[PDB]
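Below is one structure; the comments refer to it alone.
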Amino acid sequence: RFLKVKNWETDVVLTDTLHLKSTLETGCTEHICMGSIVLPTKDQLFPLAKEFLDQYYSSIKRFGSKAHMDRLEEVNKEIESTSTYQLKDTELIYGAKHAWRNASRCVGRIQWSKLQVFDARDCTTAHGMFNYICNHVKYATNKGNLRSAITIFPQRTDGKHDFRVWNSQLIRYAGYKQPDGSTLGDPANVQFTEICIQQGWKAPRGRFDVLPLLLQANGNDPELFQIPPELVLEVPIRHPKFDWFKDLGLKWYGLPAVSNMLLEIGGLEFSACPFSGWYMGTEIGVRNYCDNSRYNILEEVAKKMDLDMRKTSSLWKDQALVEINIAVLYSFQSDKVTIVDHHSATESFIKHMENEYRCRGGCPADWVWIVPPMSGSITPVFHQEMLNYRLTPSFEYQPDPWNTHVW
Amino acid sequence: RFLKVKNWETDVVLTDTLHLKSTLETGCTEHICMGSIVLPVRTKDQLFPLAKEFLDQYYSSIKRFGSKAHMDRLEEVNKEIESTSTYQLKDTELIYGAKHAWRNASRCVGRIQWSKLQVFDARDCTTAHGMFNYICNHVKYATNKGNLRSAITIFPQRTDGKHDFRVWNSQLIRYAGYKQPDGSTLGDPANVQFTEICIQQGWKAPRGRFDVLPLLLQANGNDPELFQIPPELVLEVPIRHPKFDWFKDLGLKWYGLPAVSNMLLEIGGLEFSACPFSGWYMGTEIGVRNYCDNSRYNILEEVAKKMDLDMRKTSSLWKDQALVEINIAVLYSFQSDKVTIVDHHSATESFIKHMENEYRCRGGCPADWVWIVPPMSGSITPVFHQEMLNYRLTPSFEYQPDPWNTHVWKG
Ligand code: HEM
Ligand code: HEM
Ligand SMILES: Cc1cc(N)nc(CCc2cncc(CCCN(C)C)c2)c1
Ligand SMILES: Cc1cc(N)nc(CCc2cncc(CCCN(C)C)c2)c1
Ligand SMILES: C[C@H](O)[C@H](O)[C@H]1CNc2nc(N)[nH]c(=O)c2N1
Ligand SMILES: C[C@H](O)[C@H](O)[C@H]1CNc2nc(N)[nH]c(=O)c2N1
Ligand SMILES: [Zn+2]
């Protein structure tokens, strides 16, 4: 019941007491571990509110105080009367930050307390949502000096008035399937690109076309909006030693901004809560550029370096992968766009992890996601045993809107 | 029940039914996943059901389930258990058992080869000297002048737990590690503790960077004894780089035969506490872990210096860059000396094919993702994108505590 994690590089052991407060399920059982699986009413509501308020009021050193009791009382009344309740600004900010804090798959959580929170709960329309999102993008981008932020739109009511952002990220490149059989642009974004076109987007059918926003307010039909181009910061990709790299035509956007998750706080559900931080280098160089089901550019890069691609044992893929990733970090750094390499980030997480164990009694973490997709064992997290478990407030996955939406 | 795994690169979906035959625990609960945790004397009471479970499986595999031979064998084991409190496996059952433990080893990427396992029956062995001889033959046979053959040697099963056979070495062949008074380490830092024991047990350490450790062998619960593997039997490969001529001057080499000797083999409730096994190396085990772990030989700095990489910013990826060339050198070296080795690309792709075949023919293939994914270049190998289900089947290889923490010294 009091669990221990070992670092096999430093022999350091930590004791986890925090997991006892876990509520949601993992997917795993005593008979089977699903650690590598990507996706495993009023009576319901008040205990949820109370659990949340109890930790809010405990966090502000006023547990069991009049203001505490009063709030509980007050929220209990409002749930009884309204079948829901509204979070106070203070609670909203706490909840959002703690959702990030609890995100067991996120390596960048050392930053958790510095989340800029934008209360968009007064928003009523998609144009409204658009205005709020452009403001988010511009604030967070900050001319390349990125700042973490989240914008929170009205909470769910009866599930038929949901606010949803249909894009998976605020900024992503379109994907087009060619009559020639291949795929132009980002293959991960093909299906969404079709919905855009089906909703009226006129695609430029280029390779790096910034997608339009599909915004949905109050459970209404989603609307299309183009982000002001001058608000979308992009970085041309060059290599510091290889002159020819620039001719590969590669660029990436500076702002990673997840927009399809569900934020849960005290039983309330925020279905539209786009948040953003800044890139770890490998997300772009390893995953986005080198995944077979993405831009898949390894072969072309390798050819340009003139490597022996005859046998896998020349490790030409590995060589090219390093250089591709060198170029990304180099390109961003040269243009003063905030980026972090996988070494620096993982080292930060180990410090954060220790901090959490020391001050909170633990830190839920998913090793499968925390370990970077390249050079894993030369990063400290690889040798770090982690306990994975679900704490609330949380960001959750939710079904894509098109399967849900009654047009 | 039915469970589905998805490959996020190819969208191939597979269905696991085999996990239903899982008995043992994972360490996980509905409230906690322990998937990245490294480590999460028996009565006749529990023994026969375990025996029966195994024998039922064995007889099904040979298509004789419910036969008279099946029924007689269960009867025979039942009686041997009540008369003698244990039982002996037939040769056929031992071989089947040993292959299936490998097959069930959810952390092993090399399981495509599982049916091709050379089983050496050392159950007649009675002394440490006898163990030495058996192990020498294993090493020679498995090395095969560089054309490596998987083998396992099985010593007598546990009885009352006071007469265990144990190989005290974690691996048959390993390099000594010596802590210096200045805090530095000569040799393999992983093996410092064991080296000290060996020295204490009478080993004359030559104290170099690559000294092959003596065998420390325990027979029938007696004190362990030292033996030195004949040098001529220990195949080693000098490490050089195909393009970089200075790489040879780093003075590196490794041994060709990876051979785990500190694990426990469970077959039908029987415990084999001494069961060394060997296959051949995946390049990254040496090039990434053995050379590049900070707690091991830790050569990244010295290599990157010789390459003249920018070592001021970690964002130059100088560590990643040196790590690749080192792994290039390990593969090049082994191939050049005609010693069996496999690269992580080849090995993971082979595993994926193996895993799919197992779903089709067996209804599942338990796999530990954390261990299956190579320690470099993870997502450019197909396993990274493979959802896997981890569960425990028997026969199995289990961890057991180090013998020096348990052994009652006869003295
Ligand atoms: C500021 C620097 C940040 C860094 C370096 C960072 C890094 C990462 C990385 C590498 C991943 C793995 C995702 C992938 O490979 O696709 C991830 C996941 C995640 N991050 Fe962070 N992130 C940052 C900011 C944030 C912020 C501001 C939030 C929330 C307010 C957040 C919440 C999450 C969540 C919920 C996931 C899991 C997403 C999923 O499961 O699909 N991150 N992060
Ligand atoms: C023939 C070529 C083989 C290859 C390429 C291979 C590959 C590997 C690798 C890379 C590991 C991870 C080791 C580490 O990173 O610490 C591993 C683990 C393991 N292997 Fe294999 N293996 C082979 C043969 C065998 C054989 C013959 C057996 C048994 C008869 C076996 C049983 C196991 C077991 C039980 C583990 C888990 C070790 C642990 O839990 O500490 N392997 N294998
Ligand atoms: C805020 C933030 C910061 C950062 N450095 N990276 C991210 C990336 C998060 C992210 C990007 N693409 C995709 C996913 C999820 C893909 C897999 N889903 C289906 C589980 C998540 C987000
Ligand atoms: C038969 C075999 C073949 C092969 N290619 N590799 C191996 C390596 C197995 C191996 C080697 N060192 C260390 C470990 C992990 C040890 C267990 N934990 C507790 C440190 C595992 C074994
Ligand atoms: C199948 C496996 O779970 C899948 O490839 C996961 C592995 N780890 C990951 N880790 C991160 N950070 N991001 C990912 O998308 C994935 N994908
Ligand atoms: C804590 C973590 O599980 C530990 O460092 C593991 C990670 N995955 C591994 N995978 C392999 N093949 N070998 C290892 O030693 C480890 N170590
Ligand atoms: Zn688990």
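In the structure tokens, the first chain shown is A, the next is B, and so on; residue numbers restart at 1 for each chain, and ligands run from 1 in the order shown.
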
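Applying a distance limit of 6 Å to only C-alpha atoms, the residues of chain B near chain A read residues 9, 25, 26, 28, 29, 30, 31, 32, 33, 34, 35, 36, 37, 295, 315, 343, 375, 376, 377, 378, 379, 387, 388, 389, 390 and 391 of chain B.
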
Hey, could you make a per-residue contact list for chain A against ligand 1 with 6 Å as the cut-off, showing the nearest pair of atoms and its distance in Å to one decimal, counting only C-alpha atoms and all ligand atoms, sorted by chain and number, as a Markdown table?
| residue | atom | partner | partner_atom_place_in_ligand_line | distance |
| --- | --- | --- | --- | --- |
| A:100 | CA | ligand 1 | 29 (C) | 4.4 |
| A:103 | CA | ligand 1 | 35 (C) | 5.0 |
| A:105 | CA | ligand 1 | 37 (C) | 4.9 |
| A:106 | CA | ligand 1 | 43 (N) | 3.8 |
| A:107 | CA | ligand 1 | 7 (C) | 4.9 |
| A:108 | CA | ligand 1 | 4 (C) | 3.9 |
| A:148 | CA | ligand 1 | 27 (C) | 4.8 |
| A:149 | CA | ligand 1 | 27 (C) | 5.8 |
| A:150 | CA | ligand 1 | 30 (C) | 6.0 |
| A:275 | CA | ligand 1 | 30 (C) | 5.2 |
| A:276 | CA | ligand 1 | 27 (C) | 4.9 |
| A:277 | CA | ligand 1 | 1 (C) | 3.6 |
| A:278 | CA | ligand 1 | 2 (C) | 4.6 |
| A:279 | CA | ligand 1 | 5 (C) | 5.4 |
| A:280 | CA | ligand 1 | 5 (C) | 5.0 |
| A:283 | CA | ligand 1 | 15 (O) | 5.8 |
| A:369 | CA | ligand 1 | 12 (C) | 6.0 |
| A:395 | CA | ligand 1 | 35 (C) | 5.2 |

* Test item: residues no farther than 10 Å from ligand 4, counting only C-alpha atoms and all ligand atoms, as a ChimeraX atom specification -> /A:8 /B:37-39,102,107-111,150-152,170-171,174,190,256-263,276-286,289-290,341-342,371,399-401

What's around residue 304 of chain B at 10 Å? Count only C-alpha atoms, leave out sequence neighbours fewer than 2 positions away in its own chain, and write the answer as a PDB file with N, CA, C and O atoms, in the first residue's frame.
ATOM      1  N   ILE B 299      31.456   5.253 -22.108  1.00  0.00           N
ATOM      2  CA  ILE B 299      32.503   5.745 -23.010  1.00  0.00           C
ATOM      3  C   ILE B 299      32.072   6.899 -23.931  1.00  0.00           C
ATOM      4  O   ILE B 299      32.870   7.360 -24.753  1.00  0.00           O
ATOM      5  N   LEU B 300      30.827   7.365 -23.784  1.00  0.00           N
ATOM      6  CA  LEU B 300      30.281   8.413 -24.657  1.00  0.00           C
ATOM      7  C   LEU B 300      31.149   9.663 -24.769  1.00  0.00           C
ATOM      8  O   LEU B 300      31.358  10.180 -25.870  1.00  0.00           O
ATOM      9  N   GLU B 301      31.638  10.155 -23.634  1.00  0.00           N
ATOM     10  CA  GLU B 301      32.468  11.355 -23.624  1.00  0.00           C
ATOM     11  C   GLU B 301      33.729  11.159 -24.457  1.00  0.00           C
ATOM     12  O   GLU B 301      34.042  11.971 -25.343  1.00  0.00           O
ATOM     13  N   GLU B 302      34.450  10.078 -24.158  1.00  0.00           N
ATOM     14  CA  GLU B 302      35.748   9.823 -24.778  1.00  0.00           C
ATOM     15  C   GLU B 302      35.601   9.609 -26.274  1.00  0.00           C
ATOM     16  O   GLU B 302      36.443  10.034 -27.060  1.00  0.00           O
ATOM     17  N   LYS B 306      36.898  12.273 -29.464  1.00  0.00           N
ATOM     18  CA  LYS B 306      37.659  11.824 -30.628  1.00  0.00           C
ATOM     19  C   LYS B 306      36.969  12.161 -31.956  1.00  0.00           C
ATOM     20  O   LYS B 306      37.636  12.336 -32.987  1.00  0.00           O
ATOM     21  N   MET B 307      35.638  12.256 -31.924  1.00  0.00           N
ATOM     22  CA  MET B 307      34.869  12.699 -33.083  1.00  0.00           C
ATOM     23  C   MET B 307      34.871  14.226 -33.206  1.00  0.00           C
ATOM     24  O   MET B 307      34.415  14.771 -34.212  1.00  0.00           O
ATOM     25  N   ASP B 308      35.382  14.901 -32.176  1.00  0.00           N
ATOM     26  CA  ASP B 308      35.345  16.362 -32.085  1.00  0.00           C
ATOM     27  C   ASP B 308      33.926  16.914 -32.261  1.00  0.00           C
ATOM     28  O   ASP B 308      33.672  17.747 -33.134  1.00  0.00           O
ATOM     29  N   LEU B 309      33.006  16.447 -31.429  1.00  0.00           N
ATOM     30  CA  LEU B 309      31.635  16.930 -31.469  1.00  0.00           C
ATOM     31  C   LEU B 309      31.497  18.112 -30.523  1.00  0.00           C
ATOM     32  O   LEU B 309      32.262  18.222 -29.561  1.00  0.00           O
ATOM     33  N   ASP B 310      30.534  18.992 -30.790  1.00  0.00           N
ATOM     34  CA  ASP B 310      30.282  20.112 -29.891  1.00  0.00           C
ATOM     35  C   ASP B 310      29.708  19.578 -28.574  1.00  0.00           C
ATOM     36  O   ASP B 310      28.530  19.221 -28.512  1.00  0.00           O
ATOM     37  N   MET B 311      30.532  19.522 -27.527  1.00  0.00           N
ATOM     38  CA  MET B 311      30.095  18.950 -26.249  1.00  0.00           C
ATOM     39  C   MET B 311      29.653  20.011 -25.235  1.00  0.00           C
ATOM     40  O   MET B 311      29.466  19.703 -24.055  1.00  0.00           O
ATOM     41  N   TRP B 318      25.323  15.589 -29.402  1.00  0.00           N
ATOM     42  CA  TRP B 318      26.619  14.929 -29.439  1.00  0.00           C
ATOM     43  C   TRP B 318      26.545  13.531 -28.825  1.00  0.00           C
ATOM     44  O   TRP B 318      27.217  12.605 -29.297  1.00  0.00           O
ATOM     45  N   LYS B 319      25.708  13.368 -27.801  1.00  0.00           N
ATOM     46  CA  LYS B 319      25.536  12.059 -27.168  1.00  0.00           C
ATOM     47  C   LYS B 319      24.863  11.072 -28.109  1.00  0.00           C
ATOM     48  O   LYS B 319      25.280   9.910 -28.223  1.00  0.00           O
ATOM     49  N   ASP B 320      23.818  11.533 -28.784  1.00  0.00           N
ATOM     50  CA  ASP B 320      23.122  10.687 -29.741  1.00  0.00           C
ATOM     51  C   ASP B 320      24.067  10.288 -30.884  1.00  0.00           C
ATOM     52  O   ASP B 320      24.066   9.143 -31.343  1.00  0.00           O
ATOM     53  N   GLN B 321      24.892  11.245 -31.309  1.00  0.00           N
ATOM     54  CA  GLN B 321      25.775  11.061 -32.457  1.00  0.00           C
ATOM     55  C   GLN B 321      26.885  10.039 -32.180  1.00  0.00           C
ATOM     56  O   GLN B 321      27.212   9.214 -33.036  1.00  0.00           O
ATOM     57  N   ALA B 322      27.461  10.097 -30.986  1.00  0.00           N
ATOM     58  CA  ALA B 322      28.497   9.153 -30.609  1.00  0.00           C
ATOM     59  C   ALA B 322      27.878   7.780 -30.398  1.00  0.00           C
ATOM     60  O   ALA B 322      28.468   6.754 -30.761  1.00  0.00           O
ATOM     61  N   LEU B 323      26.689   7.768 -29.801  1.00  0.00           N
ATOM     62  CA  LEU B 323      26.016   6.519 -29.504  1.00  0.00           C
ATOM     63  C   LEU B 323      25.793   5.711 -30.784  1.00  0.00           C
ATOM     64  O   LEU B 323      25.984   4.479 -30.806  1.00  0.00           O
ATOM     65  N   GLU B 325      27.607   5.872 -33.735  1.00  0.00           N
ATOM     66  CA  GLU B 325      28.884   5.353 -34.235  1.00  0.00           C
ATOM     67  C   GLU B 325      29.395   4.143 -33.424  1.00  0.00           C
ATOM     68  O   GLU B 325      29.939   3.197 -33.984  1.00  0.00           O
ATOM     69  N   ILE B 326      29.209   4.185 -32.106  1.00  0.00           N
ATOM     70  CA  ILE B 326      29.595   3.076 -31.244  1.00  0.00           C
ATOM     71  C   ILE B 326      28.804   1.832 -31.631  1.00  0.00           C
ATOM     72  O   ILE B 326      29.372   0.750 -31.793  1.00  0.00           O
TER      73      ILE B 326
END

* Structure fact -> Atom pair atom CA of residue 250 of chain A + atom CA of residue 206 of chain A, distance 12.4 Å

* To do: Compile the contact shell of residue 220 of chain B as a PyMOL selection string: residues with an atom at most 9 Å away, counting only C-alpha atoms, same-chain residues fewer than 6 positions apart removed.
  => chain B and resi 126-128+156+158+162-166

* DSSP-assigned strand (DSSP E or B) among segment 143-307 of chain A, expressed as a ChimeraX atom specification -> /A:149-152,164-165,169,173,175-177,183-185,210,213-216,223-225,234-236,251-253,257-258,262-265,268-270,275-276,280

* Pick from B:157, B:367, B:212, B:329: nearest to ligand 7, with only C-alpha atoms and all ligand atoms counted? ->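 Once distances to ligand 7 are computed over only C-alpha atoms and all ligand atoms, the minimum belongs to B:367.
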
* Selection near residue 252 of chain A, 12 Å with only C-alpha atoms, sequence-local residues under 5 positions removed, as a VMD selection string -> chain A and resid 171 to 173 185 to 186 207 to 210 232 to 238 279 281 283 to 285 288 to 289 295 327 to 329 331 to 332 337 339

* Show which residues sit within 6 Å of segment 396-398 of chain B, as a VMD selection string. Count only C-alpha atoms, and ignore same-chain residues fewer than 6 positions away. => chain B and resid 101 263 to 266

* Who sits within 9 Å of residue 386 of chain B, only C-alpha atoms, same chain under 4 positions skipped, as a PyMOL selection string -> (chain A and resi 36-37) or (chain B and resi 5-9+352+369+382)

Selection above as a file: C-alpha atoms, as a short mmCIF file (atom, residue, chain, number, x, y, z; two decimals), in the first residue's frame:
data_model
loop_
_atom_site.label_atom_id
_atom_site.label_comp_id
_atom_site.auth_asym_id
_atom_site.auth_seq_id
_atom_site.Cartn_x
_atom_site.Cartn_y
_atom_site.Cartn_z
CA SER A 36 1.30 0.07 -23.69
CA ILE A 37 -2.29 0.53 -24.82
CA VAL B 5 -4.10 -4.71 -29.57
CA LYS B 6 -3.51 -2.14 -32.30
CA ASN B 7 -0.40 -1.25 -34.25
CA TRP B 8 -0.52 2.55 -34.63
CA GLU B 9 1.79 2.49 -37.66
CA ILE B 352 6.68 -8.30 -34.92
CA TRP B 369 6.78 -3.11 -24.19
CA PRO B 382 8.19 -1.27 -35.55
#

* For ligand 6, which of A:178, A:13, A:218, A:157 is the closest residue, counting only C-alpha atoms and all ligand atoms? ->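 Of all the options, A:13 lies closest to ligand 6.
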
* Asked: Hey, which of A:302, A:381, A:353, A:324 ends up closest to residue 111 of chain A? Count only C-alpha atoms.
  -> A:353

* **Counting only C-alpha atoms and all ligand atoms, the option among A:231, A:1, A:196, A:11 closest to ligand 6** =>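 Closest residue, counting only C-alpha atoms and all ligand atoms: A:11.
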